[PDB]
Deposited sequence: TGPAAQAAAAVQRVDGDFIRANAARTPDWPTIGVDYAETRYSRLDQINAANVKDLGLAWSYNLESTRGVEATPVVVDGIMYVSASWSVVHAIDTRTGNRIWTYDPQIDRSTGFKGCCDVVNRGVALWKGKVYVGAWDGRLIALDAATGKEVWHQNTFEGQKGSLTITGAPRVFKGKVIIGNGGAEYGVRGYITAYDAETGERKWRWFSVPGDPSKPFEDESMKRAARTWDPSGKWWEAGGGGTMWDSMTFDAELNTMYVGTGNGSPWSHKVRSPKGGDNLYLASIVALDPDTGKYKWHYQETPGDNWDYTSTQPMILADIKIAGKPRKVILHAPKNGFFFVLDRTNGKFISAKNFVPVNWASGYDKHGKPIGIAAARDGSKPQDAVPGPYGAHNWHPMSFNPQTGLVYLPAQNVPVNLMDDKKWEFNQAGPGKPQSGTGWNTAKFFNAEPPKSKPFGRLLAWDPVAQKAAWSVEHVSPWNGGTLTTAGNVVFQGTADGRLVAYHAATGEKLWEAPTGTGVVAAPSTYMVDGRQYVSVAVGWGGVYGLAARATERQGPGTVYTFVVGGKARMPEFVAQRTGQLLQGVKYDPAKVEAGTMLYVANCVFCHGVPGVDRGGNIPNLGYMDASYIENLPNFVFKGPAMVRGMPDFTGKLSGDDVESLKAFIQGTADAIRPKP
């Protein structure tokens, strides 16, 4: 009614000029990152360091999901849009806390296995009356802002090979809606595509890595890039990787957009490109002309990527003084553990400093190239990878407060040990090849020896000019949520252990907190409605680490929590180690290999891990393990994302899996 008409009117106003005008005072949060630079800085200061202790719950909304929720809500004139699990979009009237509409693309649940890292979505984009979502199955869908009905869709995977999915938020720059995809763990060729925002007509496409060099190159950037790959490994079969699954930003004055590119496929550099090569444009920040998609320049953060070191993590465009001169930069802290400051007018390196311990490089030289540590490229034997695949910083948003000059950065360590699988062949699944049973192709072996580093999680306030930490708050677990900062001198961040917390932006002192029940991964947003400031966070534990581990005992549905000074709304709202399953201990080794090939990256290690948004097999009732075939072949949980292993497991393979599951629980029992 009133909500639908308000929604139509509010979203109709969203365009480039609107996003710029929203800068002087930010009453709305029109893009997932507030502005095109994606600073995630609100200029609102009604909630400030002196009164944030009086925040209370204004309302909460049930997203009804059970898997990860990674999106920051966007809000214009009190009308909120946020996605949940399986690409479902919700439009919420913040004045009542009630649903306006829900759009469910009805993703085939049997395809949950096609993505490496949970069935997530990092948000929607708004533009001239429509809401855009990148769906799991490859559709870019434009929805009517008032009704949630589809206006148009594009099958963005048409004609492209491999296990592609979409998890990121689209961006709309100058009337073109742009989206990438995920899949480099499986073997795909990364690309982004731009479509007309009004009609959906395809406008341009840019691939981040070259195709078969015996075929015409799509553009000069591809011909140039081919000179940095060794064709003896036929990289184009597996695809090469380079997926752009998360960060994109835009500078309208420079008429330049920027995209972070992903890791190599397969992960092992010696397998992917045998004789060497930087493998452009993997692991880079790339600048493109937003109108034509044409390459302008790039800066490669990790040449010869060999550890799943994506550069897709969220960058922030900022204007800061360095060496006493004004510089227009890009701030970026990707998985590899270095905080980069780059010149956004030309891609020139300014500085890089590690923000956590690292063991693949000792630093960057004066030309902006890493100085490698040899052992890290020795794939012939197990080697701890620090930061490793989970990343020193993953997609969880960071934020920049220009008044303190600090970047509030979620940092962590999840120990992993890697070595190369020199006998890997693309799509040839087999025992011991990690998750190959559902299409992964990393060409690595994991934890052939136990990693030695210790896990950690902390919120860093990083000074990009001095390239050092101004303050740090230690958390109990890795995989804490994204951040928000505001002119009220506060920083908001949810924790893996189940709280939304506000800290003083200058000191890191904790000023306020509330429980969220489940661990939080998405970053909050803030906005004004009828003269009052609200802070909202969409809570749904998940993402790749959240599939298998957790730091709260409690599990519940995805929920948007919204706080205001004085709110009074009421808040909404482990196990036994498996024992007794009959098994043959002699089959534990065979079961270990079959389990690593088919189950580990969703169910974790039985008993050792406790379960995240997917339950751990070492804590299930014995009936599930005693009767395992009932569950792995066209099981009752297919509708929830448990794959069908028909044609993948046979004979006595399930008995071997039982032996590994009960045997591992028996080995660690106190």
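Peer 1: Spell out the unmodelled ranges of the deposited sequence for me, N- to C-terminal, numbering from the first residue.
Peer 2: No C-alpha coordinates exist for 574-578, 676-677.
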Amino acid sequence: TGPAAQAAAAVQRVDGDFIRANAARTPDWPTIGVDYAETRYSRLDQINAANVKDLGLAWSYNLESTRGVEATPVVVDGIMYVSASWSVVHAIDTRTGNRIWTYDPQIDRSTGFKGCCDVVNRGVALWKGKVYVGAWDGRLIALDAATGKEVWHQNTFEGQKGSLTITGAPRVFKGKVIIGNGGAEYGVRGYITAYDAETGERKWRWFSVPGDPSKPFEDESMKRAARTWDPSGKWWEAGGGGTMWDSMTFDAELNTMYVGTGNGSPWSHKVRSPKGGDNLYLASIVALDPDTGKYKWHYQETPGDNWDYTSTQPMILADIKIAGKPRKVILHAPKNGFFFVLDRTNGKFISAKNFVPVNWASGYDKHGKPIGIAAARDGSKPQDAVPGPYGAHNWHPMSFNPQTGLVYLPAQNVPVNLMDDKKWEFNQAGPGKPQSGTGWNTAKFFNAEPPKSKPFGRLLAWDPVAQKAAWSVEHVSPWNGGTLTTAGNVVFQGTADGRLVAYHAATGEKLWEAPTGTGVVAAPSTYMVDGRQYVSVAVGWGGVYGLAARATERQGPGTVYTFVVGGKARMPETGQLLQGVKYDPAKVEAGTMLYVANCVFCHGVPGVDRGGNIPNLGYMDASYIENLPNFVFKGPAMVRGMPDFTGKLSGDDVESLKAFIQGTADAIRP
From here on, numbers count along this sequence of modelled residues.
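Peer 1: If you average the CA temperature factors as listed in the entry, which stretch comes out higher, 144-152 or 529-537?
Peer 2: Averaging CA B-factors over each stretch, the winner is 144-152.
Peer 1: Between 502-510 and 195-203, which has the larger average Cα B-factor in the PDB entry?
Peer 2: Per the PDB entry, the higher value belongs to 195-203.
Peer 1: Of the options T310, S208, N480, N346, which has the highest CA B factor as deposited?
Peer 2: Most elevated C-alpha B-factor of the set, per the entry: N346.
Peer 1: Between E301, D278, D137, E553, which carries the biggest CA temperature factor in the record?
Peer 2: In this record, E553 carries the highest C-alpha B-factor of the candidates.
Peer 1: When the deposited Cα B-factors of this chain's modelled residues are ordered and cut into thirds, is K270 in the lowest, the middle or the highest one?
Peer 2: It belongs to the lowest third of the chain when residues are ordered by C-alpha B-factor.
Peer 1: Sorting the chain's CA B-factors, does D35 end up in the lowest, middle or highest third?
Peer 2: Middle third by C-alpha B-factor.
Peer 1: What third of its chain, lowest, middle or highest, does the C-alpha temperature factor of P636 fall into?
Peer 2: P636: CA B-factor falls in the highest third of its chain.
Peer 1: Considering only modelled residues of the same chain, in which third does the CA B-factor of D45 rank: lowest, middle or highest?
Peer 2: Its C-alpha B-factor belongs to the middle third of this chain's values.
Peer 1: Grab the CA temperature factor for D104 from the record and place it in the lowest, middle or highest third of its chain.
Peer 2: It falls in the middle third of the chain.
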